[PDB]
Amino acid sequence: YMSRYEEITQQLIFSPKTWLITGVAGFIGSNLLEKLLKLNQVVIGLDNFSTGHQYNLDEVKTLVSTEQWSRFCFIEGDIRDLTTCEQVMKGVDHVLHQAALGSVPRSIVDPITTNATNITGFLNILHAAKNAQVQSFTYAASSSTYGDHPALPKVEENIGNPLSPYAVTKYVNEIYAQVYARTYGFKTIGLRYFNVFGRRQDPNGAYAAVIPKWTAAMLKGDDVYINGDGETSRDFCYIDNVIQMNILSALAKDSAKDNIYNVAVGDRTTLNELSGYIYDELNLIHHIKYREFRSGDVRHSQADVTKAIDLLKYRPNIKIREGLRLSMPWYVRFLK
């Protein structure tokens, strides 16, 4: 049971609001779309099909009522263009900002474009929302902002030095968010995601994330590469926690805003152990090389989510095993 969360969703189903999801055709944004439409919300969506997909929107349309779908106004556009940002704010209540170019290697090779989308694009949305005078503003931040801090698990007040352009942009989101509270009194909630996985995470690409990259390879029968000695660990977080954490935040009490919160489960799984779980779970539906680490790669990563639990009444109900199990079917359909 996710109790506060249940309570919040009930409220919404009755007094429906207008939401704006940027990066709505992406993995996390499309997940949020699914959930919000099922709660009969009015949604305005923004994506520029950089890393997002029209097919992700399509799939969502097959998962929801057609009266539910009628409430979605999709917009093909760029958060990089301030004018778009403003047209799309009209009448919005809650903002869920997910639009950004992710990935550490990507920023390392083209920082200019990453900067433009993640900082210029972020500030645009943030400003537009301030002026539109929305009721809440929740944005995607990154566990990467911890950088070289050696503490495990990671606690929000203690970050170190950023180790890549990507980490910087995300840190810069937070800093801007704070200054906006100081100078306009406009209160946000930033979520430091930690390695989210689940349905509709792109397994194709040079920047494919690990769980969907391995899963696709274990099916095609291709090699499975482990970038390093295979001891690196992470706090893998199923989408349903992230979806939960977004809603808790959009409707959070004012004293909880202007805050940064880790979004994860509190556990730690190794690149070796993961390969275990991904296989065990895939052969229950009937179907390993080593290399160097990456430049900018992180050694150990585990979150402390007590802040979330405390102030927002968060409930990480789905740990990694179950999460993989709820996921693999989606990748079979998608990979046939």
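One rule holds for the numbers: they count along the sequence shown, beginning at 1. In this text, rigid core is short for the largest set of C-alphas that superpose within 1.5 Å between two forms.
*Asks:* Name the stretch, 294 to 302 or 52 to 60, whose C-alpha atoms sit farther from the shown form on average in 7 other deposited structures of this protein, taking the rigid core as the superposition reference.
*Replies:* Of the two stretches, the larger average C-alpha offset in 7 other deposited structures of this protein falls on 294 to 302.
*Asks:* Overlaying the structures in 7 other deposited structures of this protein on the rigid core, point out which of 224 to 232 and 206 to 214 has the bigger RMS C-alpha shift.
*Replies:* Once the core is superposed, the stretch further away in 7 other deposited structures of this protein is 224 to 232.
*Asks:* Checking chain continuity here. Are there deposited residues lacking coordinates between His300 and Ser301, and if so is it 1 to 3, 4 to 9, or 10 or more (or none)?
*Replies:* Gap between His300 and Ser301: none, chain continuous.
*Asks:* Once you work out the mean C-alpha B-factor for both 134 to 142 and 199 to 207 from the entry, which is higher?
*Replies:* Stretch with the greater average CA B-factor: 199 to 207.
*Asks:* Where do the C-alpha atoms have the higher mean temperature factor in this entry, in 21 to 29 or in 320 to 328?
*Replies:* Going by the record's values, the stretch with the higher mean is 320 to 328.
*Asks:* Based on what the PDB entry reports, which of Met245, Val155, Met218, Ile108 has the top C-alpha B-factor?
*Replies:* The listed residue with the largest C-alpha B-factor is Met218.
*Asks:* What's the residue among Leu282, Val64, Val43, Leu39 with the greatest CA temperature factor in the PDB record?
*Replies:* Top of the list by C-alpha B-factor: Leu282.
*Asks:* When the modelled residues of the chain are sorted by Cα temperature factor, does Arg294 land in the lowest, middle or highest third?
*Replies:* Highest third - that is where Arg294 ends up once the chain's C-alpha B-factors are sorted.
*Asks:* Would the CA B-factor of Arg192 place it in the lowest, middle or highest third of its chain?
*Replies:* For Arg192, whose C-alpha B-factor we compare with every modelled residue in the chain, the answer is the lowest third.
*Asks:* Which third of the chain holds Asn161 when residues are ordered by C-alpha B factor: lowest, middle or highest?
*Replies:* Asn161: CA B-factor falls in the highest third of its chain.
*Asks:* So where's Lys213 on the chain's Cα temperature factor ranking, which third?
*Replies:* CA B-factor rank for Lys213: highest third.
*Asks:* Quick check for you: using the entry's CA B-factors within this chain, is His149 in the lowest, middle or highest third?
*Replies:* Lowest third - that is where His149 ends up once the chain's C-alpha B-factors are sorted.
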